[PDB]
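In what follows, a single structure is set out as structure tokens and then discussed.
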Amino acid sequence: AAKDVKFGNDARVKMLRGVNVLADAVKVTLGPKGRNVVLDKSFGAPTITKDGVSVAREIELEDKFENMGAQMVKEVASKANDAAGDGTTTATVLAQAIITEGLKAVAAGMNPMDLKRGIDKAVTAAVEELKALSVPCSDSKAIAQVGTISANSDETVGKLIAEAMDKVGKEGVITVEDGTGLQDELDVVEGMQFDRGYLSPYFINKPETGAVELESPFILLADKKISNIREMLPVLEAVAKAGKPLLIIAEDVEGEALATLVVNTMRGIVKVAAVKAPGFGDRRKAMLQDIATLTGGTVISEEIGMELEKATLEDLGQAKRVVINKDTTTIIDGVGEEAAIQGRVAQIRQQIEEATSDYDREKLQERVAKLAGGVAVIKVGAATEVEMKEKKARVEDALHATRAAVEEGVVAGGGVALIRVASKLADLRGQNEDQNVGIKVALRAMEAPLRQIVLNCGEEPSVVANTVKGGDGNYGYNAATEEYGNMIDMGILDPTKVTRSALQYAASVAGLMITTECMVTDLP
Amino acid sequence: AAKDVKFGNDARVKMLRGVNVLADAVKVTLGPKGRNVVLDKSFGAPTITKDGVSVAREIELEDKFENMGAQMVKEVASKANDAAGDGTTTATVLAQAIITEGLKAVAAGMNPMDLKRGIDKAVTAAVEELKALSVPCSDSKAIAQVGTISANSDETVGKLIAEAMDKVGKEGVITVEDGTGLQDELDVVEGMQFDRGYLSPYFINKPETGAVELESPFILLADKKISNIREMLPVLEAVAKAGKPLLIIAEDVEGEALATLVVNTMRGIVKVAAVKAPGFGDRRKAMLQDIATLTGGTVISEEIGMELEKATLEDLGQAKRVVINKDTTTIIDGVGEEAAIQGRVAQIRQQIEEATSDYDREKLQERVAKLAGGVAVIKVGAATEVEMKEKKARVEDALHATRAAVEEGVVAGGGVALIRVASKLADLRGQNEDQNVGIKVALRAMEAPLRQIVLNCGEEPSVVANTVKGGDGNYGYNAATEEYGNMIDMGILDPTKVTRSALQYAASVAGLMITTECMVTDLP
Amino acid sequence: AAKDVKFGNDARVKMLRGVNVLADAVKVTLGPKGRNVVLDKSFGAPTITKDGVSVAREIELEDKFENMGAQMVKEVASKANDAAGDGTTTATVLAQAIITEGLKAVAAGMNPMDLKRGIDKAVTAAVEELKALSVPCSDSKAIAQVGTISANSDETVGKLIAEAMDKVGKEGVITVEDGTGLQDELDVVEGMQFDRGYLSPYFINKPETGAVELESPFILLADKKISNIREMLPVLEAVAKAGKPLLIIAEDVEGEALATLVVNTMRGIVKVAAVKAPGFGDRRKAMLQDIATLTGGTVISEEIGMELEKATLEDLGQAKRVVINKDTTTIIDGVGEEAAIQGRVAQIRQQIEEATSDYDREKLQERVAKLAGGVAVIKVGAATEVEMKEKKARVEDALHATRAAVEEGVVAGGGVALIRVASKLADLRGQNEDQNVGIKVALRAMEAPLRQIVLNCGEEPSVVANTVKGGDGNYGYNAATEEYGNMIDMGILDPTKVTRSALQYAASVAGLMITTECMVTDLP
Ligand SMILES: Nc1ncnc2c1ncn2[C@H]1O[C@H](COP(=O)(O)OP(=O)(O)O)[C@@H](O)[C@H]1O
Ligand SMILES: Nc1ncnc2c1ncn2[C@H]1O[C@H](COP(=O)(O)OP(=O)(O)O)[C@@H](O)[C@H]1O
Ligand SMILES: Nc1ncnc2c1ncn2[C@H]1O[C@H](COP(=O)(O)OP(=O)(O)O)[C@@H](O)[C@H]1O
Ligand SMILES: [Mg+2]
Ligand SMILES: [Mg+2]
Ligand SMILES: [Mg+2]
């Protein structure tokens, strides 16, 4: 492939122009007054979104040299999204400013690497000052406020997420799904629920409910595929004599069991119901042990050393009450020893802290929530699918912000936290004059989010920036009410993790970009 | 893919131009005087239709930026069609007006999101006022009038649908099909009819009829595939002694049965006929239970715990009289206990209210109609297929409008309902001046359907709008007779659900569209 | 696909231009003096035809907007062909006139839908007046005259079809095939003939004839595949003792039978021949029952309850005399009970009147003709294949016209019937002035066929139209002799069904076309 090369300022000019095209589209979204971008999906209706990471992945430029600049700043937004749902737009705005100021310094002949070292020195110091500025958030009032700000000032979204925050507990997982009702509704599942349904419609003992309710059940957690009632019988006889209902969890079941079960249940000899084991593989096995510990029961298994037919009635688990639908299994309140259950939750927590796949760790979190916490799903409600998608993105970002707020605390919102940290690090000096110039580039860039929110509002950014810089503590401009007040008091709060992540990601990519002296790309 | 980006007014201009191209084609159809659009089907003759949703899906523009605007307003018409058959054109006209007025306000510098909040505040209030304005419709005179208006003023269509409305009852389902006779004919099926036919032509006991009529039959509702008369015999012997005819419903049947049955029937030993079970799968099983409850009989099944050959004569169902053709099975008046049948209809109604697939819910409605209501099919009649298609769309829309009218009542038609609700919500004020401007945009847009119907008539829209706005109650312009009168008295009625749905869908998509500040699309 | 849209007059102009291109090609053919169109078949020689439906399917225009108009008027000719073979050109001429007059009225600002209602009101009234004008045709003199006019004034074609009309009877079916002899010849098959031939050349008992003639045969109509003489023997022994010849009709036959049959027949022990059962499937079974009823015999079948070998000599059918060739089977005059045969013909007639597939109904008509009527084939004769094709189309149209004439009577030909009906409906008035204008458009269009026939002759259309309109009854212009006289007396007769069908089809498509206000089609 023939390669066209460009050098020095000419290369840096096209690279900056590409950064400007990406930054401009993301910049319009920044702020409560920020508008939305209609990204075009060719196979379908265009999508209207205020999410910066969404816009970033979409843009690429036909000028190859400009595209290289755009692709490199796409990274800061993408990693910010990986860290936390919010901060993707603010990271891009900070990165754009560091690149613009840095390129001007490189043009003055300042050594690019020395400026990079200076920028990094300032960022490391700033992150520490953000931790000092941070004050912890766990008040549900504060949790709602971080959610509301994260949802483009939607009070209802923050209010609902705080309640779901409340009900699930810390181990709990909150999820969002499309709900066709135009109002949002929150449902919190109680106890261990697996998404599997009764094998036979005949099993239903409550037809109006359409569900099988077994009060006081014993529970068999079985290994393997079991289509021999033929072999399982003496266990079954003992249960029939005992007279408590039974649940069978198992992997593969014929009519050999189900018709025999209908013969027994529907004519009132025995009281039984049966469900398919969740998911597949060794993940189903690991899960079955969690159920066994909860139910005061056993994973009853040939491959772990029991003939299944040898099982005694004490070898099974027990619990209060179960309800099963065609999609749903719920289990109320286990016989299992509380310290054993807490031990398994902690033993799982060791797996959670060691977990090398975050997505696998989420599944572990779902297992933590079934075992001790709760699962909450928020039904995002909108008249049209256009509205549903933008609504869900705002609710998802609120979910991520609330989690970040609890973990590492909260800082003043609207960019006043970055302004205050920059003022406190003004005397920070690097080893050489280029490092000193680099430190200044980072501090000036930190004022950029406040300026852009004010620009979107339409007020003069510099005049407002001067008033906020002149002010102290959390004094800041409320963009929505166009007034100056304490941000914490006015409810404008940003999670510390998202602000710290935005600075670190922007500085790393921007610092490398200023050092570029040659660009090599395919000839047009 | 190289992406070309546009910003601010330039982006909004092309987006509005795309909305205008779609809106203009749908607008011509609005009103009784509205003409028809010849959409071109490349594989076949072009289609002449007055249906807005049909036109909307068809249009796309080669200008990529304009196409994005057109695709987004296609949604309001498409969702309106999903909600109810009618309202697809009115929703587009309302949406076009809100976008045009909103874009002008955004040009004045009004904050786009604040206008969106104001528009939403007005719409929520307007929907409540439409419910107050709504008066219930169930008079067959009124049901015919909503059908007639929904069929471009076809009196015969409304008249026929009211009768079919009458005969089926509320649980009943009405369907439309092409009928080659040039006059429309309605046929109402009575009782449970499944579309399956006699397995053997030899079964016919009434050759001139070409159908098997069994008077006083017993009915076997069988499980599984049964090609062993070989095994079924002792049941069959008991019936032969009893001397009432029998029907066999079953899944798979050889000549092992049919020739033996011909040997018995055609030489007068026994009196029998046999049909194939309807559809396939577990849906056939769920259906067979409904037949069993109706016939005072049983789903006789190995897999639900009976050897089939053990069945007694009391274990079967019974009914008055059956008739079977090569396509058709009809069953007259069952032995089943009325409260058991009503219970199963209610138990099914629980499934209906829980039903997550609407299309599956329709099949449940067909099962409700076979069990307690009726099924009516309207044979749309036209000289040519060009005429048949436009005729059927008008009859289909009338079917949807009549159902909507019964459920949520009726409002004045011709746009006077939207004009009256807008007048009653004039003092509604939002939190800030942009929200106040947003409320006004929605109220002005509500006058748009009346204006467009008058424009299609050719009378001056503003002069008529002023007279209707000056008037009160249901006073409105009868477009067909070019006169002003009470709409309810003149028979111009619109279902409340369709008017409310049009406003809500238009407001949601339009409100998002005004907020757009940047558009990203593939380079031409 | 990018869509280019056009509106109002601009759209109507291109649509009319497309109608004009199609209409012009079909118009030249109208009239006895009308010339022929050389449609080009790319894979082969071009085809010279005077048939309008043939020309219509061929034409399409490269201008997309013009093509949409052409495709829509293709429908009126195509449906006219489906109704009856003739009337395809006259329907196009009537449709073109209604569209031209209607578009001019829409240009004057007349409401398009109101004109459509007026046109429809006039057409409904005109169809009733055509029924009053109609006088029944069944005289073979009149039947020949409708055939002659339908064959571009070919006296021989009408004369031959009247004789074939005569011989077959009403239940009879007449067919046309290419005959290489340059003179047309008619052959009428007598009685039941199926197109199957002797299985063995050795069966021939009359070698000079090349056919097997069995005088006084018994007939076995067998079920299934039978290659066991091995099993069939005791029946065969009884026949050999009886000494009347036998025919075997059956599905699949080895040399196991045929060599054994040659051993018996060719050495004079037994007298037998054997043929393959016609077609395939259950249609062959339904047909075999018709043969059984005719022959005073039985479908002898295991699957309908007889072991085949149990059959007695009375269980078979009998008839006068059979002749079989390698292609042909003929059966002369059955033993079957006449009221049973008439009953089966009537029982079949119930199937005929119920018949949902017209093409399947034709096969039922062939079965009606074999059972009670006759089958006649006309061998179209021409020197070249170019001539054969045009000759056959003219003979086919004559066949369709003669059938239409007998069913719904005859009206004056040359367009004078449409002129007279239009004069009688002049005072018909619609509800509003646009409906009145619509009625006038239809009446003026009805004069169009007469004008176009006169234009093709070369005489002034308006001068002749005035003389015919001034005249009364059947007074009309004989185009061939360029004279004015009573049409019935001069032999110019048109079937009422074809004239009524042409008006109805033209009005429906034309009425929709005038209402078009926007056209949407793919960008060139
Ligand atoms: N009234 C407000 N005052 C100032 N800024 C606000 C206000 N409300 C929300 N914000 C937000 O403005 C910034 C939010 O950025 P945003 O546009 O939501 O995308 P992202 O969080 O991904 O960067 C944050 O500084 C946050 O404070
Ligand atoms: N004579 C009439 N007066 C005013 N409007 C009428 C009259 N008859 C029917 N309409 C209709 O005009 C509008 C019907 O819109 P329409 O063109 O049928 O498509 P859609 O219902 O999908 O919006 C409704 O306001 C309805 O009232
Ligand atoms: N001598 C005649 N006088 C007037 N018209 C004639 C004469 N002979 C045949 N015609 C025919 O002219 C019209 C025949 O139309 P034709 O060209 O055969 O195609 P099509 O029947 O499909 O419309 C009919 O009105 C018929 O009467
Ligand atoms: Mg954010
Ligand atoms: Mg409508
Ligand atoms: Mg003709």
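Ideal geometry is used to build each Cβ from the backbone, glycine not excepted, and the neighbour counts take in all protein chains shown. Computed from the coordinates by the stated procedures, all read-outs in this text should not be read as laboratory data.
Odds and ends about this structure:
- Charge sum, other residues only, whose C-beta stays under 15 Å from A:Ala442's C-beta, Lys/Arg counted +1 and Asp/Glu -1: +2
- Among the listed pairs B:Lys74/B:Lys121; B:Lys27/B:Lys116; A:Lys50/A:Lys74; B:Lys389/C:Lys50; B:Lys41/C:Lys497, those beyond 21 Å (Cα-Cα): B:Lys74/B:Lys121; B:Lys27/B:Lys116; B:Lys389/C:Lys50; B:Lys41/C:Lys497
- With the convex hull of its Cα atoms as the shape, the range C:72-209 has an orientation-averaged projected area of 14.4 nm².
- Per-residue packing, averaged as other Cβ atoms within 10 Å, sorts the ranges A:121-127, C:445-451, B:148-154 into the order C:445-451, B:148-154, A:121-127, beginning with the highest.
- Highest-first packing order for the peptide set C:63-73, B:424-434, C:215-225, C:170-180 is C:63-73, C:215-225, C:170-180, B:424-434, based on the mean count of other beta carbon atoms within 10 Å.
- For the peptide B:341-348, the mean number of other protein chain Cβ atoms found within 10 angstrom of a residue's Cβ is 1.
- Principal-axis tilt of helix C:112-133 within chain C, Cα atoms, nearest 10 degrees: 50 degrees
- For the range B:392-409, putting each phi into the Karplus relation 6.51 cos²θ - 1.76 cosθ + 1.60 with θ = phi - 60° gives couplings of 4, 5, 5, 5, 5, 5, 5, 4, 5, 5, 5, 5, 5, 4, 5, 5, 10, x Hz, in residue order, rounded to whole numbers and with x for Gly and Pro.
- For chain C, the mean residue ellipticity at 222 nm estimated from helices alone is -17000 deg cm²/dmol, where every DSSP H run of n ≥ 4 contributes -39500 (n - 2.57) and the total is divided by all residues, rounded to the nearest 500.
- With a Förster radius of 56 Å applied to the beta-carbon distance between C:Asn9 and A:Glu362, the computed FRET efficiency rounds to 0.30.
- In terms of surrounding Cβ atoms within a 10 Å radius of their Cβ, B:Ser134, A:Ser138 rank from fewest to most as A:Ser138, B:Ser134.
- Each 10 Å bin from zero up to the one holding the largest Cα-Cα distance in the range B:136-229 carries the following percent of pairs: 11, 30, 24, 18, 14, 3.
- Spatially near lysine pairs across the range C:193-366, Cα under 12 Å, sequence gap of 8 or more or different chains: 7
- Computed from Cα positions, the angle between helix A:140-150 and the longest principal axis of chain A comes to roughly 60 degrees.
- Around B:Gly118: net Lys/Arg minus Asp/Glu count, Cβ-Cβ under 10 Å: +1
- Calculated log₁₀ intensity ratio I(q)/I(0) where the Debye formula runs over C-alpha points of the range C:193-366, q = 0.16, 0.17, 0.20 Å⁻¹: -0.97, -1.09, -1.48
- A:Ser200 long-range amide H proximity, modeled H, under 5 Å: A:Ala274
- Per-residue shielding of B:296-306, expressed as the average number of other chain Cβ atoms within 10 Å of the residue Cβ, stands at 3.
- Cut-off under 5 Å, modelled amide H: who pairs with B:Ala211 long-range: B:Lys206
- The range C:364-394 residues near the modelled C:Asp166 label - backbone nitrogen below 18 Å, point 7 Å along Cα→Cβ: C:374-379
- Nearest 10 degrees, 0 to 90: helix A:229-242 Cα axis against chain A principal axis: 80 degrees
- The mean count of C-beta atoms from other chains within 10 Å of the C-beta of residues in B:198-211, rounded to a whole number, is 2.
- Unit Cα scatterers, Debye sum, the range B:1-124: log10 I(q)/I(0) for q = 0.15 Å⁻¹: -0.77
- Local net charge near A:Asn486, Cβ-Cβ under 15 Å (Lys/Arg +1, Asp/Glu -1): -3
- Amide H contacts for B:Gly317 (H built 1.01 Å from N in the peptide plane; partners 5 or more residues away or on another chain; cut-off under 5 Å): B:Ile219, B:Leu221, B:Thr298.
- Descending semi-axes in whole angstrom, ellipsoid equivalent of the range A:321-408, from the Cα gyration tensor: 30, 21, 11
- Extension gain (nm, one decimal) between B:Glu407 and B:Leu313, 0.36 nm per residue minus Cα-Cα: 29.3 nm
- Our coupling estimate for the range B:33-41, obtained by passing each phi through the Karplus curve with A = 6.51, B = -1.76, C = 1.60 and θ = phi - 60°, is 6, x, 7, 10, 9, 8, 5, 9, 9 Hz, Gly and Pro reported as x.
- Surface/4 of the Cα convex hull for the range C:407-524, nm²: 10.7 nm²
- Relative intensity of the protein assembly as shown on a log10 scale, I(q)/I(0) at q = 0.06, 0.08 Å⁻¹, equals -0.89, -1.26, per a Debye sum over C-alpha point scatterers of equal strength in the absence of solvent.
- Taking other C-beta atoms within 10 angstrom as a stand-in for reagent exposure, A:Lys241, C:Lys14 fall in the order A:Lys241, C:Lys14, fewest first.
- Gain in span if fully extended, C:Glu231 to C:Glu62, counting 0.36 nm per residue against the direct Cα distance: 53.8 nm
- Residue-wise HN-Hα couplings along the range C:160-166, as the Karplus relation 6.51 cos²θ - 1.76 cosθ + 1.60 with θ = phi - 60° gives them from phi, are 5, 5, 4, 5, 5, 4, 3 Hz; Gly and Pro carry x.
- At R0 = 60 Å, FRET efficiency that the Cβ-Cβ distance of C:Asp195 and C:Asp489 yields, to 0.05: 0.85
- Across chain A, Cα-Cα pairs farther apart than 33 Å form 53% of the total.
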